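>
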C-alpha cells in the first residue's frame, strides 16, 4: 500500500522551506560545501516509518540542490534529519525516487 508517495513535484511551501532550512547547516557539514538561502521550489513526499522528504531548493544563486529528510510522526521536539541530498543539482533534475 502506498508504493513510495513521490507524487507530482508539489510546490514548495513554508513547511518545505523549513525542512531544507533545518538541514541547511547539516548540509554544509555533510557534503563540505557552503550553501546558503535554500528557497524551496518543489518537493516530493514519501512514506515508510513516518514520512521522508524530497526538495529541490535553490542554493542562493541560480544554483540548486535537491534534498531528502525523514520525519518521525511520534516523538516530542524532533529534529528532521538529512537522509540525503543531490548537491550541484539543477531544475531539469527531478527528485524522482532518490
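Residue numbers (the entry's author numbering): 6 to 40, 43 to 68, 92 to 102, 102A, 103 to 105, 105A, 106 to 115, 115A, 116 to 125.
Don't be surprised by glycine CBs; every beta carbon is placed ideally from N, CA and C.
Would you call residue 105A buried or exposed, if buried means 16 or more other Cβ atoms sit within 10 Å of its Cβ?
Locating residue 105A in the chain shown gives position 77, where the first residue counts as 1. With fewer than 16 other Cβ atoms within 10 Å, it is exposed.
> Does DSSP put residue 30 in a helix, in a strand, or in coil?
Here residue 30 refers to the residue found at position 25 when the chain shown is read from its first residue. Helix, per DSSP.
> For residue 102 and residue 92, what's the separation of their Cα atoms in angstroms?
For this step, residue 102 is matched to residue 72 along the chain shown. For this step, residue 92 is matched to residue 62 along the chain shown. Looking at the two C-alpha atoms, the distance is approximately 32 Å.
> Hey, how far is the Cα of residue 48 from the Cα of residue 95?
Taking the first residue of the chain shown as position 1, residue 48 is located at position 41. Taking the first residue of the chain shown as position 1, residue 95 is located at position 65. The alpha-carbon atoms of residue 48 and residue 95 are separated by roughly 10 Å.
> How big is the Cα-Cα spacing for residue 13 and residue 118?
Here residue 13 refers to the residue found at position 8 when the chain shown is read from its first residue. Here residue 118 refers to the residue found at position 91 when the chain shown is read from its first residue. Residue 13 and residue 118: Cα-Cα distance of roughly 14 Å.
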